[PDB]
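The structure appears right after this line, and notes come after that.
There are 2 protein chains.
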Amino acid sequence: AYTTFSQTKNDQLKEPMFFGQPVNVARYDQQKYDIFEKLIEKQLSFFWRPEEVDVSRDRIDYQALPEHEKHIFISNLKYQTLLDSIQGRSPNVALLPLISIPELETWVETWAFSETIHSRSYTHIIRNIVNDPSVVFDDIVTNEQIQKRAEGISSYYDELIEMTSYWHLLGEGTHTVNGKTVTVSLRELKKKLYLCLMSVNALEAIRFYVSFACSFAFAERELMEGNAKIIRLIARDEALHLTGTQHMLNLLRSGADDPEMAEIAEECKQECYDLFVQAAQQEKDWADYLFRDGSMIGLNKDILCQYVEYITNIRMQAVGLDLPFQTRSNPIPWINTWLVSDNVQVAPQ
Amino acid sequence: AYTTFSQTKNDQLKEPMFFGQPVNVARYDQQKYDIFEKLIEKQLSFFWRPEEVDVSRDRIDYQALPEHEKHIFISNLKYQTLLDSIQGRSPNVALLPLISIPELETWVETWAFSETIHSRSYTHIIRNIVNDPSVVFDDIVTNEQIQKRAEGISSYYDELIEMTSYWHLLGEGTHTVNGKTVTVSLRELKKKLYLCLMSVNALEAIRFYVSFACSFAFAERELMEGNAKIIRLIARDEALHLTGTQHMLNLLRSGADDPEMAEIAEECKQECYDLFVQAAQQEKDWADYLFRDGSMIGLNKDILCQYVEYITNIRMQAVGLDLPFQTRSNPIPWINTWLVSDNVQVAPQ
Ligand SMILES: [Cl-]
Ligand SMILES: [Cl-]
Ligand SMILES: [Cl-]
Ligand SMILES: [Cl-]
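Top to bottom, those sequences are chains W and S. Once you know that position 287 of the first sequence is 288 in my numbering, the rest is easy, because the numbers rise by one and skip nothing. Once you know that position 100 of the second sequence is 101 in my numbering, the rest is easy, because the numbers rise by one and skip nothing.
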């Protein structure tokens with residue numbers, strides 16, 4: 002019962018963010034939640050094209066890198082390309098059919114779109130620094146370490162999408178499908194959404210920031226500077242994206258938007274804390290992979306793992322979760338130079 | 002029959018460089034070979050003290066280096082310290098008792114002295130960048146790779162010294178020592194000297210220049226810059242030292258100084274070519290050791306081995322030997338910035 006133009010004239014200011022009447026009119030003169038309208042406007046104001054950035058001198062730098070420094074750089078680039086391949090499509094496929102207010106629907110489409118620009122930018126970098134991009138793009142799918150991350154991350158989306166389809170096709174209840182039981186529960190579907198959004202928040206707010214530290218470590222060395230110009234633009238967008246999901250999560254758990262979500266967010270608080278901790282442990286294990294053949298000036302496994310803990314505590318606090326790690330100061334304060342924009346706070350605070 | 006003041010009033014302008022009457026009067030108003038007087042004057046004009054150089058910021062750089070870059074740096078430093086531990090004492094112990102003209106005798110003492118300043122400078126660097134210098138100094142003696150080089154290099158000196166003592170004690174002839182035959186031959190002793198000087202030429206002209214490339218590669222990266230200031234001073238001295246032995250070798254083989262040496266140099270020309278080639282192969286194997294855990298920006302095994310071939314051809318040509326390697330251009334032209342002085346040509350030409 003998904004409908005691309007629902008016929009009921011409903012008050013869009015009183016719909017929940019999710020699971021209400023699907024959005025009919027796209028109107029932008031009023032919002033339930035003006036954060037999403039502000040995010041659209043910012044993201045539109047940031048519009049950039051990757052070919053705006055000259056990455057010519059990055060091919061020379063990359064060829065000069067010792068083999069383990071190529072390994073750090075190219076592994077980081079492949080991981081980012083994986084993540085925004087997923088982020089390109091997934092917010093649209095997974096969330097659009099669930100959204101019941103226009104500002105959020107348009108934010109999600111704007112968000113996903115901005116991710117396709119990131120993917121396009123990773124292609125621009127790749128084709129400029131290697132002789133055969135196919136090798137790189139194929140390794141994104143087959144690489145043992147990258148695949149493990151792809152599998153976990155994609156499962157949050159995939160499960161929400163499948164359950165969403167059952168909800169739209171069958172509605173709430175207990176059902177018979179080819180002689181087996183299928184229980185469709187809005188409460189469970191709400192839990193799937195909440196976890197998926199927690200996972201997407203950890204992806205943009207933690208996993209990509211770990212990756213930024215790697216890119217900007219090269220830039221600190223005055224290497225791969227075209228790459229770094231692009232990552233500055235990407236990071237400025239990412240700051241919006243993670244703000245968007247922090248607001249979605251916080252509005253859902255407060256009870257303001259849907260009192261039932263408040264109880265659901267409370268039920269699965271341990272599951273969320275665990276998902277976040279798991280993501281952080283995975284980014285630390287990724288550090289171990291990046292640096293398994295040696296580190297470089299200014300960044301190694303120990304430093305990068307401290308940064309994982311530092312940023313994870315900040316991001317978890319922002320969505321109301323307990324801190325998993327000891328308090329610590331920023332282990333790499335130089336990163337804040339690269340994570341700065343006049344029109345949004347790009348660095349964690 | 003070594004005498005510290007020989008009583009015969011001899012014409013010092015007609016003595017050979019070596020094996021003549023030991024020098025009585027040290028006079029500097031005339032020379033047989035004014036190259037040696039020019040070298041003394043230059044070396045005196047270059048006099049420096051290692052504490053003139055601030056190496057404080059090298060401790061911070063060294064601590065920031067990844068472990069394999071520490072390995073490159075500290076292995077290179079240990080090898081240099083080994084070489085000038087030997088060069089500090091060895092020219093004096095091995096050549097002074099053989100010298101029969103005053104300008105050469107004083108050049109050798111000035112040379113050896115300048116080497117003690119180099120050793121003192123390596124102590125200055127070591128104690129400033131590590132917490133426990135004893136570990137470093139002990140590893141110079143025990144390190145498998147360094148010891149192999151020490152053994153070969155020291156043998157050229159040690160054999161000349163032993164034979165020299167037999168010559169001084171027993172003179173030319175066939176002798177009985179504790180019931181065995183000892184043949185003392187001036188011709189063989191002359192051959193020992195010539196080979197030893199060929200070995201010392203390869204040491205200063207090739208082995209130390211390979212090492213300079215390593216030091217200056219860090220400086221190109223703006224790392225270990227105090228070390229590099231010291232190496233610039235050391236390299237300026239080394240240019241004199243190798244000039245000194247190029248002249249000794251060339252004057253000996255031309256017949257000008259001792260017609261018999263000319264025939265001896267011709268006899269053992271293959272042995273010299275082989276010694277040089279061996280030294281070069283050893284410096285290439287050393288490159289393989291330096292970079293066994295990874296290389297760094299601007300210098301790796303392949304580049305350093307090209308530089309070994311490039312400099313070896315130049316140095317071998319300068320002492321009349323055939324070139325072992327294909328013609329090639331300087332693989333690291335940036336090194337010539339560091340190897341430059343207004344008052345001597347420091348870089349190979
Ligand atoms: Cl307005
Ligand atoms: Cl809270
Ligand atoms: Cl004069
Ligand atoms: Cl010649």
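Each residue gets a CB set at the ideal place from its N, CA and C atoms; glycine is no exception.
Do you know offhand how far residue i's Cα is from residue j's?
i	j	result
W/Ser342	W/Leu84	23 Å
S/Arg237	S/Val347	6 Å
W/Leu198	S/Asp133	53 Å
W/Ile298	S/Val137	23 Å
W/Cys269	W/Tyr311	24 Å
S/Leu300	S/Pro334	12 Å
W/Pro332	W/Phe213	14 Å
W/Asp55	W/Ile100	39 Å
S/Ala151	W/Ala280	53 Å
W/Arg188	W/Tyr195	11 Å
S/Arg293	W/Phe19	58 Å
S/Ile127	S/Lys79	9 Å
W/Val131	W/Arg60	7 Å
S/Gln13	S/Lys33	8 Å
S/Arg316	S/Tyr274	11 Å
S/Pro98	W/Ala218	59 Å
W/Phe209	W/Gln31	33 Å
W/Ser120	W/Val178	39 Å
W/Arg90	S/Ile231	58 Å
W/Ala229	W/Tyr29	35 Å
S/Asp159	S/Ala27	27 Å
S/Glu267	S/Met164	21 Å
S/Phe74	S/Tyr290	12 Å
S/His169	S/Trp49	37 Å
W/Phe114	W/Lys181	39 Å
S/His248	S/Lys191	16 Å
S/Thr5	W/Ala65	58 Å
S/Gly256	W/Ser57	60 Å
Could you check if residue i belongs to the surroundings of ligand 2, using beta carbon to heavy atom distance under 7 Å?
i	result
S/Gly227	no
W/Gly256	no
Counting only beta-carbon atoms, is residue i nearer than 8 Å to chain S?
i	result
W/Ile102	no
W/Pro67	yes
W/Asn301	yes
Is there at least one Cβ from chain W nearer than 8 Å to residue i's Cβ?
i	result
S/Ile298	yes
S/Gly227	no
S/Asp294	yes
Can you tell me whether residue i is helix, strand or coil according to DSSP?
i	result
W/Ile298	coil
W/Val26	coil
S/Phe19	strand
W/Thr9	coil
W/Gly321	coil
S/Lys181	strand
W/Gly245	helix
W/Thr82	helix
W/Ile231	helix
W/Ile147	helix
W/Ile100	strand
W/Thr338	helix
W/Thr4	coil
W/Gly256	coil
W/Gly153	helix
S/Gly89	helix
W/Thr165	helix
W/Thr111	helix
Quick test of your reading: residue i and residue j, contact by CB under 8 Å. State the CB separation rounded to the nearest angstrom.
i	j	result
S/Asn314	S/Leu324	5 Å
W/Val183	W/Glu173	Their Cβ separation, rounded to whole angstroms, is 12 Å, which puts W/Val183 and W/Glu173 out of contact at 8 Å.
W/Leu40	W/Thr244	7 Å
W/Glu104	W/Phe37	4 Å
W/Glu284	W/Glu239	The pair is not a contact, with the Cβ atoms about 15 Å apart (cut-off 8 Å).
S/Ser200	S/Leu276	6 Å
S/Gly295	W/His69	5 Å
Between residue i and ligand 4, is the CB less than 7 Å from at least one heavy atom?
i	result
S/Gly321	yes
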